[PDB]
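First comes one chain, alone, set out as structure tokens in the form deposited in one PDB entry.
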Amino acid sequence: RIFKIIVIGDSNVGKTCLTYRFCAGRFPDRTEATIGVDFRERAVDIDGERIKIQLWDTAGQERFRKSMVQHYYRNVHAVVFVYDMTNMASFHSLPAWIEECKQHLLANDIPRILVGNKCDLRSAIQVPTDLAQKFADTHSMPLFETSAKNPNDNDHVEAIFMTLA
């Protein structure tokens, strides 16, 4: 069984790093703005069932994503919205991504979660947890704060995606 999870959010929030961290088990140290359609896969076992989790690493840049959104939303099973904890603007963008999702989803059942990334940059954090939690609550989504680069030692990125499956 294929479980398609799309990862949506502003350019530079770390979507490519999160998806690569989950699928490959390590941080990608060479990344550039994602262009077009990229996805990566990982075979997992949940409760005895072998499942192929397929993470769609969407483009944040308008030029590269504009004609791709119906590919992103084709046969989607879950949605992960990402902001950068060090960039308040990326958090302010979220209502726009959430509305795009609303317009493209048919099934009212599909899980959506909110992820703040780059929590390792403690000194540079701009989005307080309480603010993000209040917003997540308003949209009936759970909130996770994590790091694609460093939080693993806090037991977080794997758990966030696994729990969706």
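Note that residue numbering follows the sequence shown and begins at 1. Superpose the two forms; the largest set of C-alphas matching within 1.5 Å is the rigid core.
What comes next is about the form deposited in another entry, which does not appear here.
Summarising the superposition on the core between the shown form and the other one, the listed residues 68, 110, 35, 131 contain exactly one with a Cα shift of 2 Å or larger, 68. With the core held fixed, the Cα of residue 12 is displaced between the shown form and the other one by less than 2 Å.
Between this form and the other one, the CA-CA gap for residue 89 and residue 151 widens by 3 Å or more, being larger in that other deposited form. Whereas the shown form places them at one spacing, the Cα atoms of residue 65 and residue 100 lie at least 3 Å closer in that other deposited form.
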